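This is my_file-v4.cif. It holds mmCIF, C-alpha atoms and all ligand atoms; chains and numbers go by the auth columns.
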data_structure
#
loop_
_atom_site.group_PDB
_atom_site.id
_atom_site.type_symbol
_atom_site.label_atom_id
_atom_site.label_comp_id
_atom_site.label_asym_id
_atom_site.label_seq_id
_atom_site.Cartn_x
_atom_site.Cartn_y
_atom_site.Cartn_z
_atom_site.B_iso_or_equiv
_atom_site.auth_seq_id
_atom_site.auth_asym_id
ATOM 1 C CA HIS A 1 -72.958 64.656 95.682 0.00 27 A
ATOM 2 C CA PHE A 2 -72.247 62.229 92.821 0.00 28 A
ATOM 3 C CA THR A 3 -69.463 63.316 90.454 0.00 29 A
ATOM 4 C CA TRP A 4 -68.202 61.168 87.555 0.00 30 A
ATOM 5 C CA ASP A 5 -64.630 62.367 88.345 0.00 31 A
ATOM 6 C CA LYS A 6 -64.724 61.008 91.904 0.00 32 A
ATOM 7 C CA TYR A 7 -66.732 57.949 90.894 0.00 33 A
ATOM 8 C CA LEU A 8 -64.238 56.864 88.209 0.00 34 A
ATOM 9 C CA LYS A 9 -61.389 57.395 90.678 0.00 35 A
ATOM 10 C CA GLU A 10 -63.144 55.406 93.436 0.00 36 A
ATOM 11 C CA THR A 11 -64.125 52.537 91.132 0.00 37 A
ATOM 12 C CA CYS A 12 -60.736 52.528 89.285 0.00 38 A
ATOM 13 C CA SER A 13 -62.636 52.743 86.051 0.00 39 A
ATOM 14 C CA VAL A 14 -62.515 54.539 82.719 0.00 40 A
ATOM 15 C CA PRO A 15 -65.231 56.063 80.481 0.00 41 A
ATOM 16 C CA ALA A 16 -66.110 54.829 77.002 0.00 42 A
ATOM 17 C CA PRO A 17 -64.690 57.495 74.682 0.00 43 A
ATOM 18 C CA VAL A 18 -67.156 59.795 72.962 0.00 44 A
ATOM 19 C CA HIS A 19 -66.539 58.242 69.534 0.00 45 A
ATOM 20 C CA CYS A 20 -68.178 54.993 70.750 0.00 46 A
ATOM 21 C CA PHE A 21 -71.677 56.566 70.625 0.00 47 A
ATOM 22 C CA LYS A 22 -74.324 57.653 68.102 0.00 48 A
ATOM 23 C CA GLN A 23 -74.570 60.960 70.010 0.00 49 A
ATOM 24 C CA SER A 24 -73.500 64.406 68.832 0.00 50 A
ATOM 25 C CA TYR A 25 -70.405 65.797 70.556 0.00 51 A
ATOM 26 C CA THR A 26 -72.383 69.029 70.891 0.00 52 A
ATOM 27 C CA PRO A 27 -75.840 68.131 72.201 0.00 53 A
ATOM 28 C CA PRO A 28 -78.779 69.170 70.017 0.00 54 A
ATOM 29 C CA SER A 29 -80.794 72.212 71.067 0.00 55 A
ATOM 30 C CA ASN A 30 -84.270 71.492 72.365 0.00 56 A
ATOM 31 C CA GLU A 31 -86.894 73.939 71.050 0.00 57 A
ATOM 32 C CA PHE A 32 -89.948 71.797 71.806 0.00 58 A
ATOM 33 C CA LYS A 33 -92.690 73.056 74.086 0.00 59 A
ATOM 34 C CA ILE A 34 -95.045 71.153 76.329 0.00 60 A
ATOM 35 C CA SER A 35 -98.342 70.381 74.441 0.00 61 A
ATOM 36 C CA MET A 36 -96.704 70.218 70.986 0.00 62 A
ATOM 37 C CA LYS A 37 -97.911 67.223 68.977 0.00 63 A
ATOM 38 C CA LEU A 38 -95.848 65.081 66.610 0.00 64 A
ATOM 39 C CA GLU A 39 -95.655 61.566 65.136 0.00 65 A
ATOM 40 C CA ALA A 40 -93.804 58.789 66.924 0.00 66 A
ATOM 41 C CA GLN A 41 -93.360 55.043 66.558 0.00 67 A
ATOM 42 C CA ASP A 42 -95.222 53.325 69.383 0.00 68 A
ATOM 43 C CA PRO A 43 -92.522 52.033 71.801 0.00 69 A
ATOM 44 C CA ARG A 44 -94.711 48.957 72.451 0.00 70 A
ATOM 45 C CA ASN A 45 -95.563 48.225 68.791 0.00 71 A
ATOM 46 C CA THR A 46 -92.775 49.874 66.855 0.00 72 A
ATOM 47 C CA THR A 47 -94.265 49.089 63.442 0.00 73 A
ATOM 48 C CA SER A 48 -97.040 51.639 64.115 0.00 74 A
ATOM 49 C CA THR A 49 -96.813 55.402 63.865 0.00 75 A
ATOM 50 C CA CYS A 50 -99.047 57.216 66.328 0.00 76 A
ATOM 51 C CA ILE A 51 -99.674 60.754 67.548 0.00 77 A
ATOM 52 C CA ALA A 52 -97.589 61.794 70.574 0.00 78 A
ATOM 53 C CA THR A 53 -97.703 64.900 72.750 0.00 79 A
ATOM 54 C CA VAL A 54 -94.787 66.511 74.537 0.00 80 A
ATOM 55 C CA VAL A 55 -95.735 66.252 78.244 0.00 81 A
ATOM 56 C CA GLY A 56 -92.269 67.069 79.643 0.00 82 A
ATOM 57 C CA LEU A 57 -88.758 68.124 78.662 0.00 83 A
ATOM 58 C CA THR A 58 -85.455 67.135 80.233 0.00 84 A
ATOM 59 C CA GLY A 59 -82.275 68.326 78.564 0.00 85 A
ATOM 60 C CA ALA A 60 -82.048 67.051 75.005 0.00 86 A
ATOM 61 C CA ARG A 61 -85.022 64.715 75.568 0.00 87 A
ATOM 62 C CA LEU A 62 -88.809 64.811 75.284 0.00 88 A
ATOM 63 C CA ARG A 63 -91.180 63.069 77.657 0.00 89 A
ATOM 64 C CA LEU A 64 -93.874 61.777 75.269 0.00 90 A
ATOM 65 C CA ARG A 65 -97.356 60.323 75.703 0.00 91 A
ATOM 66 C CA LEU A 66 -99.320 58.584 72.940 0.00 92 A
ATOM 67 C CA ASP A 67 -102.617 60.413 72.591 0.00 93 A
ATOM 68 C CA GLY A 68 -105.563 58.136 73.419 0.00 94 A
ATOM 69 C CA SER A 69 -103.653 55.961 75.881 0.00 95 A
ATOM 70 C CA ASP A 70 -103.197 56.294 79.668 0.00 96 A
ATOM 71 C CA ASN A 71 -100.317 57.957 81.563 0.00 97 A
ATOM 72 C CA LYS A 72 -98.596 54.682 82.543 0.00 98 A
ATOM 73 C CA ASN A 73 -96.425 54.173 79.476 0.00 99 A
ATOM 74 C CA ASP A 74 -94.731 57.564 78.841 0.00 100 A
ATOM 75 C CA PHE A 75 -91.535 57.240 76.802 0.00 101 A
ATOM 76 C CA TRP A 76 -88.578 59.533 76.267 0.00 102 A
ATOM 77 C CA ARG A 77 -86.961 60.485 72.946 0.00 103 A
ATOM 78 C CA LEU A 78 -83.988 62.663 72.016 0.00 104 A
ATOM 79 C CA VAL A 79 -84.812 65.733 69.928 0.00 105 A
ATOM 80 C CA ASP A 80 -82.498 64.245 67.251 0.00 106 A
ATOM 81 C CA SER A 81 -84.180 60.779 67.406 0.00 107 A
ATOM 82 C CA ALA A 82 -85.305 59.317 64.059 0.00 108 A
ATOM 83 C CA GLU A 83 -88.223 57.690 66.006 0.00 109 A
ATOM 84 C CA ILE A 84 -90.126 60.994 66.085 0.00 110 A
ATOM 85 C CA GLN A 85 -91.351 62.908 63.015 0.00 111 A
ATOM 86 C CA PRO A 86 -93.461 66.044 62.332 0.00 112 A
ATOM 87 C CA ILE A 87 -97.229 65.734 61.929 0.00 113 A
ATOM 88 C CA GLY A 88 -97.919 65.043 58.246 0.00 114 A
ATOM 89 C CA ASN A 89 -94.793 62.976 57.622 0.00 115 A
ATOM 90 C CA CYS A 90 -96.576 59.607 57.534 0.00 116 A
ATOM 91 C CA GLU A 91 -99.388 60.648 55.153 0.00 117 A
ATOM 92 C CA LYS A 92 -97.007 62.646 52.910 0.00 118 A
ATOM 93 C CA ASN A 93 -95.186 59.359 52.302 0.00 119 A
ATOM 94 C CA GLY A 94 -98.396 57.435 51.555 0.00 120 A
ATOM 95 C CA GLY A 95 -98.794 55.889 55.005 0.00 121 A
ATOM 96 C CA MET A 96 -101.511 55.826 57.641 0.00 122 A
ATOM 97 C CA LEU A 97 -101.211 56.539 61.364 0.00 123 A
ATOM 98 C CA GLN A 98 -102.287 53.747 63.712 0.00 124 A
ATOM 99 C CA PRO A 99 -103.924 53.729 67.163 0.00 125 A
ATOM 100 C CA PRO A 100 -101.536 53.332 70.102 0.00 126 A
ATOM 101 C CA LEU A 101 -101.301 50.006 71.919 0.00 127 A
ATOM 102 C CA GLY A 102 -103.712 50.529 74.829 0.00 128 A
ATOM 103 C CA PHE A 103 -105.870 53.005 72.892 0.00 129 A
ATOM 104 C CA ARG A 104 -108.745 53.665 75.310 0.00 130 A
ATOM 105 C CA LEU A 105 -111.465 53.537 72.629 0.00 131 A
ATOM 106 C CA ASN A 106 -112.311 50.839 70.053 0.00 132 A
ATOM 107 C CA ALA A 107 -110.439 50.560 66.728 0.00 133 A
ATOM 108 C CA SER A 108 -113.418 51.984 64.771 0.00 134 A
ATOM 109 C CA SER A 109 -113.152 55.205 66.805 0.00 135 A
ATOM 110 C CA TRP A 110 -109.435 55.842 65.975 0.00 136 A
ATOM 111 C CA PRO A 111 -110.005 57.869 62.760 0.00 137 A
ATOM 112 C CA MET A 112 -112.491 60.252 64.623 0.00 138 A
ATOM 113 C CA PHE A 113 -110.087 60.447 67.531 0.00 139 A
ATOM 114 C CA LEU A 114 -107.131 61.361 65.283 0.00 140 A
ATOM 115 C CA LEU A 115 -109.108 64.136 63.508 0.00 141 A
ATOM 116 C CA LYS A 116 -110.437 65.731 66.708 0.00 142 A
ATOM 117 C CA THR A 117 -107.055 65.414 68.459 0.00 143 A
ATOM 118 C CA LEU A 118 -105.251 67.276 65.669 0.00 144 A
ATOM 119 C CA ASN A 119 -107.850 69.998 65.128 0.00 145 A
ATOM 120 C CA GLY A 120 -106.666 73.036 67.102 0.00 146 A
ATOM 121 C CA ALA A 121 -103.478 71.216 68.194 0.00 147 A
ATOM 122 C CA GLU A 122 -100.112 72.981 68.249 0.00 148 A
ATOM 123 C CA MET A 123 -98.016 70.935 65.817 0.00 149 A
ATOM 124 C CA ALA A 124 -94.332 70.847 66.545 0.00 150 A
ATOM 125 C CA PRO A 125 -92.686 72.789 63.657 0.00 151 A
ATOM 126 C CA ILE A 126 -90.879 70.696 61.055 0.00 152 A
ATOM 127 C CA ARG A 127 -87.677 72.752 61.586 0.00 153 A
ATOM 128 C CA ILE A 128 -87.071 71.699 65.220 0.00 154 A
ATOM 129 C CA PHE A 129 -86.584 67.995 64.422 0.00 155 A
ATOM 130 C CA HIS A 130 -82.826 67.452 64.279 0.00 156 A
ATOM 131 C CA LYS A 131 -81.120 64.952 61.976 0.00 157 A
ATOM 132 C CA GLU A 132 -79.534 62.022 63.846 0.00 158 A
ATOM 133 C CA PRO A 133 -75.822 62.178 64.617 0.00 159 A
ATOM 134 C CA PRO A 134 -73.557 59.910 62.548 0.00 160 A
ATOM 135 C CA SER A 135 -73.119 56.322 63.641 0.00 161 A
ATOM 136 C CA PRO A 136 -69.680 55.098 64.746 0.00 162 A
ATOM 137 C CA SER A 137 -68.029 52.942 62.002 0.00 163 A
ATOM 138 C CA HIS A 138 -68.029 49.886 64.264 0.00 164 A
ATOM 139 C CA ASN A 139 -68.346 48.670 67.846 0.00 165 A
ATOM 140 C CA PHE A 140 -65.659 50.644 69.791 0.00 166 A
ATOM 141 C CA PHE A 141 -66.982 49.489 73.201 0.00 167 A
ATOM 142 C CA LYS A 142 -64.868 47.338 75.530 0.00 168 A
ATOM 143 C CA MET A 143 -65.906 45.250 78.477 0.00 169 A
ATOM 144 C CA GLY A 144 -65.776 47.302 81.701 0.00 170 A
ATOM 145 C CA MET A 145 -65.921 50.795 80.150 0.00 171 A
ATOM 146 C CA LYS A 146 -68.383 53.170 81.903 0.00 172 A
ATOM 147 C CA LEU A 147 -71.173 55.167 80.260 0.00 173 A
ATOM 148 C CA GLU A 148 -74.633 56.621 80.939 0.00 174 A
ATOM 149 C CA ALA A 149 -77.747 54.645 79.938 0.00 175 A
ATOM 150 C CA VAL A 150 -81.453 55.389 80.070 0.00 176 A
ATOM 151 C CA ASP A 151 -82.966 53.968 83.293 0.00 177 A
ATOM 152 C CA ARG A 152 -84.928 51.054 81.991 0.00 178 A
ATOM 153 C CA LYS A 153 -87.384 50.885 84.901 0.00 179 A
ATOM 154 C CA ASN A 154 -88.089 54.632 84.757 0.00 180 A
ATOM 155 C CA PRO A 155 -86.712 56.438 81.641 0.00 181 A
ATOM 156 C CA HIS A 156 -87.097 59.793 83.402 0.00 182 A
ATOM 157 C CA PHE A 157 -83.623 58.973 84.721 0.00 183 A
ATOM 158 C CA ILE A 158 -80.295 58.197 83.140 0.00 184 A
ATOM 159 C CA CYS A 159 -77.918 55.975 85.166 0.00 185 A
ATOM 160 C CA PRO A 160 -74.187 55.124 85.393 0.00 186 A
ATOM 161 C CA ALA A 161 -73.694 51.854 83.572 0.00 187 A
ATOM 162 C CA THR A 162 -70.888 49.531 82.508 0.00 188 A
ATOM 163 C CA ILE A 163 -70.280 47.464 79.402 0.00 189 A
ATOM 164 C CA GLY A 164 -70.723 43.865 80.571 0.00 190 A
ATOM 165 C CA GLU A 165 -69.880 42.024 77.362 0.00 191 A
ATOM 166 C CA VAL A 166 -69.272 42.806 73.681 0.00 192 A
ATOM 167 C CA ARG A 167 -70.617 40.485 70.927 0.00 193 A
ATOM 168 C CA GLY A 168 -70.114 41.654 67.339 0.00 194 A
ATOM 169 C CA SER A 169 -72.204 44.833 66.977 0.00 195 A
ATOM 170 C CA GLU A 170 -73.936 44.301 70.360 0.00 196 A
ATOM 171 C CA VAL A 171 -73.117 45.304 73.935 0.00 197 A
ATOM 172 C CA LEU A 172 -74.569 44.146 77.236 0.00 198 A
ATOM 173 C CA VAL A 173 -75.472 47.199 79.255 0.00 199 A
ATOM 174 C CA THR A 174 -75.315 46.686 83.025 0.00 200 A
ATOM 175 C CA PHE A 175 -76.545 49.232 85.580 0.00 201 A
ATOM 176 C CA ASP A 176 -74.060 50.033 88.357 0.00 202 A
ATOM 177 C CA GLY A 177 -75.347 48.939 91.792 0.00 203 A
ATOM 178 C CA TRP A 178 -78.299 46.968 90.358 0.00 204 A
ATOM 179 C CA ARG A 179 -76.590 43.544 90.761 0.00 205 A
ATOM 180 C CA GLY A 180 -77.560 42.348 87.261 0.00 206 A
ATOM 181 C CA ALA A 181 -81.159 43.597 87.379 0.00 207 A
ATOM 182 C CA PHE A 182 -82.382 45.020 84.060 0.00 208 A
ATOM 183 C CA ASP A 183 -79.170 43.975 82.204 0.00 209 A
ATOM 184 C CA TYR A 184 -79.981 44.227 78.506 0.00 210 A
ATOM 185 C CA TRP A 185 -78.391 43.950 75.078 0.00 211 A
ATOM 186 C CA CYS A 186 -78.345 46.797 72.572 0.00 212 A
ATOM 187 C CA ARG A 187 -76.499 47.631 69.341 0.00 213 A
ATOM 188 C CA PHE A 188 -73.534 50.014 69.589 0.00 214 A
ATOM 189 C CA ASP A 189 -75.505 52.679 67.654 0.00 215 A
ATOM 190 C CA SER A 190 -78.339 52.735 70.307 0.00 216 A
ATOM 191 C CA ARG A 191 -79.675 56.227 71.155 0.00 217 A
ATOM 192 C CA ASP A 192 -80.289 55.130 74.781 0.00 218 A
ATOM 193 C CA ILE A 193 -76.589 55.197 75.770 0.00 219 A
ATOM 194 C CA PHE A 194 -74.409 58.300 76.222 0.00 220 A
ATOM 195 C CA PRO A 195 -70.825 59.177 77.134 0.00 221 A
ATOM 196 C CA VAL A 196 -70.069 59.908 80.789 0.00 222 A
ATOM 197 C CA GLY A 197 -71.138 63.492 81.612 0.00 223 A
ATOM 198 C CA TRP A 198 -73.907 63.757 79.022 0.00 224 A
ATOM 199 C CA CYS A 199 -76.571 64.354 81.751 0.00 225 A
ATOM 200 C CA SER A 200 -74.701 67.281 83.225 0.00 226 A
ATOM 201 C CA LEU A 201 -73.841 68.584 79.736 0.00 227 A
ATOM 202 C CA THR A 202 -77.488 68.573 78.614 0.00 228 A
ATOM 203 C CA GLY A 203 -79.328 69.229 81.904 0.00 229 A
ATOM 204 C CA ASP A 204 -80.859 65.751 82.176 0.00 230 A
ATOM 205 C CA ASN A 205 -81.651 63.577 85.218 0.00 231 A
ATOM 206 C CA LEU A 206 -78.693 61.502 86.409 0.00 232 A
ATOM 207 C CA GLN A 207 -79.630 58.888 89.017 0.00 233 A
ATOM 208 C CA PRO A 208 -76.575 58.047 91.250 0.00 234 A
ATOM 209 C CA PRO A 209 -75.804 54.281 91.742 0.00 235 A
HETATM 210 CL CL CL B . -70.252 59.444 66.606 0.00 301 A
HETATM 211 CL CL CL B . -91.905 65.964 56.831 0.00 302 A
HETATM 212 CL CL CL B . -114.856 61.680 62.402 0.00 303 A
HETATM 213 CL CL CL B . -104.854 66.395 73.689 0.00 304 A
HETATM 214 CL CL CL B . -112.100 74.871 64.797 0.00 305 A
HETATM 215 CL CL CL B . -67.738 38.811 68.511 0.00 306 A
#
Represent the structure of the file as structure tokens.
Amino acid sequence: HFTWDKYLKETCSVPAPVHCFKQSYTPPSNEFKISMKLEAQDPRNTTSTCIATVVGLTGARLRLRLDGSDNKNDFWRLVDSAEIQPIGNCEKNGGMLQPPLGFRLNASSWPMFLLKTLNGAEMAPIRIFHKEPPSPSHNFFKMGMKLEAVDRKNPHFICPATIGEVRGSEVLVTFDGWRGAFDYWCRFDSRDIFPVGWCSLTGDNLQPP
């Protein structure tokens, strides 16, 4: 069975300290239920706010699906992610919700679809959306430090990863055992990276190398 303790020993490696991450030291509680609806920025068109439904829960994260699209692009968000908001947030602030990329109907049908989707829906309560944790003051990451990162091919999982390079505020995240596949750059304040042990702390899905 994979254990970070044995893994770090075996690989002669060391974890990125917890202060490197925009993650609370005490993970946020998850009071969402499956079927709750909320507002979320479309992961494939992040300028747009759409309706999302909670279709699964794993630890501190929600498995979300944009209403009106298929099941092939589900995305995962922390319960303290700023990229989700309560229903009503957009319109309260003078905005308009937008259809999801891959909306199965035509554009002209979106307003009808939004109305009928929300009528009789369980809205996630405003109170269960957690404020984001504070950002680190700067990029504490160092090349070679180990961490956990959302599995970019299947975000259901979180994977052991290593810092490949640091450039200013950016880090190159590399997935252990993947031989360079799905290497990607993110800013040090990314919500998709976590200190070692965050999966076991929160009850999430850690995929061994
Ligand atoms: Cl922090
Ligand atoms: Cl609000
Ligand atoms: Cl209508
Ligand atoms: Cl629905
Ligand atoms: Cl009714
Ligand atoms: Cl630099």
Residues returned when the PyMOL selection byres (((not hetatm)) within 9 of (chain A and resi 301)) runs on this file, as a PDB file with C-alpha atoms, keeping the file's coordinate frame:
ATOM      1  CA  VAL A  44     -67.156  59.795  72.962  1.00  0.00           C
ATOM      2  CA  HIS A  45     -66.539  58.242  69.534  1.00  0.00           C
ATOM      3  CA  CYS A  46     -68.178  54.993  70.750  1.00  0.00           C
ATOM      4  CA  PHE A  47     -71.677  56.566  70.625  1.00  0.00           C
ATOM      5  CA  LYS A  48     -74.324  57.653  68.102  1.00  0.00           C
ATOM      6  CA  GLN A  49     -74.570  60.960  70.010  1.00  0.00           C
ATOM      7  CA  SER A  50     -73.500  64.406  68.832  1.00  0.00           C
ATOM      8  CA  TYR A  51     -70.405  65.797  70.556  1.00  0.00           C
ATOM      9  CA  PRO A 159     -75.822  62.178  64.617  1.00  0.00           C
ATOM     10  CA  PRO A 160     -73.557  59.910  62.548  1.00  0.00           C
ATOM     11  CA  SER A 161     -73.119  56.322  63.641  1.00  0.00           C
ATOM     12  CA  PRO A 162     -69.680  55.098  64.746  1.00  0.00           C
ATOM     13  CA  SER A 163     -68.029  52.942  62.002  1.00  0.00           C
ATOM     14  CA  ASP A 215     -75.505  52.679  67.654  1.00  0.00           C
TER      15      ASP A 215
END
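Based on only C-alpha atoms and all ligand atoms, the protein and nucleic acid residues found within 10 Å of ligand CL 304 (chain A) are, by chain and then by number, residues 61, 62, 63, 77, 78, 79, 91, 92, 93, 94, 142, 143, 144, 145, 146, 147 and 148 of chain A.
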Using only C-alpha atoms, please write the residues we just selected to a file, as a JSON list (two decimals), in the coordinates of the input.
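The resulting again.json:
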[["chain", "number", "residue", "atom", "x", "y", "z"],
["A", 61, "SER", "CA", -98.34, 70.38, 74.44],
["A", 62, "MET", "CA", -96.70, 70.22, 70.99],
["A", 63, "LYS", "CA", -97.91, 67.22, 68.98],
["A", 77, "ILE", "CA", -99.67, 60.75, 67.55],
["A", 78, "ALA", "CA", -97.59, 61.79, 70.57],
["A", 79, "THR", "CA", -97.70, 64.90, 72.75],
["A", 91, "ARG", "CA", -97.36, 60.32, 75.70],
["A", 92, "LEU", "CA", -99.32, 58.58, 72.94],
["A", 93, "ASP", "CA", -102.62, 60.41, 72.59],
["A", 94, "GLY", "CA", -105.56, 58.14, 73.42],
["A", 142, "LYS", "CA", -110.44, 65.73, 66.71],
["A", 143, "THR", "CA", -107.06, 65.41, 68.46],
["A", 144, "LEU", "CA", -105.25, 67.28, 65.67],
["A", 145, "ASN", "CA", -107.85, 70.00, 65.13],
["A", 146, "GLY", "CA", -106.67, 73.04, 67.10],
["A", 147, "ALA", "CA", -103.48, 71.22, 68.19],
["A", 148, "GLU", "CA", -100.11, 72.98, 68.25]]
Contacts between ligand CL 303 (chain A) and chain A, please, where a residue of chain A counts if it comes within 9 Å (with all atoms listed in the file); show its shortest atom pair and distance in Å to one decimal, rows by chain and ascending number, as CSV.
residue,atom,partner,partner_atom,distance
A:135,CA,A:CL303,CL,8.0
A:136,CA,A:CL303,CL,8.7
A:137,CA,A:CL303,CL,6.2
A:138,CA,A:CL303,CL,3.5
A:139,CA,A:CL303,CL,7.1
A:140,CA,A:CL303,CL,8.3
A:141,CA,A:CL303,CL,6.3
A:142,CA,A:CL303,CL,7.4
Next item on the list: Tell me, in Å to one decimal, how far atom CA of residue 219 of chain A is from atom CA of residue 194 of chain A.
Entry: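 About the pair atom CA of residue 219 of chain A and atom CA of residue 194 of chain A: they are 17.2 Å apart.
Considering the residues A:134, A:231, A:216, A:124 and counting only C-alpha atoms, residue 198 of chain A has its shortest atom-to-atom contact with A:216.
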Next item on the list: For each of A:217, A:98, A:164, A:179, take the minimum atom-to-atom distance to ligand CL 306 (chain A), counting all atoms listed in the file, then give the residue where this is smallest.
Entry: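 Of all the options, A:164 lies closest to ligand CL 306 (chain A).
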Next item on the list: Give as a list in words each residue that has an atom at most 10 Å from (-66.5, 56.9, 80.1) in the file, counting all atoms listed in the file.
Entry: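 Collected hits near the coordinates: residues 30, 34, 39, 40, 41, 42, 43, 44, 46, 170, 171, 172, 173, 174, 186, 187, 188, 220, 221, 222 and 223 of chain A.
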Checklist line | Best match for closeness to ligand CL 306 (chain A) among A:180, A:195, A:99, A:84, counting all atoms listed in the file | finding: A:195
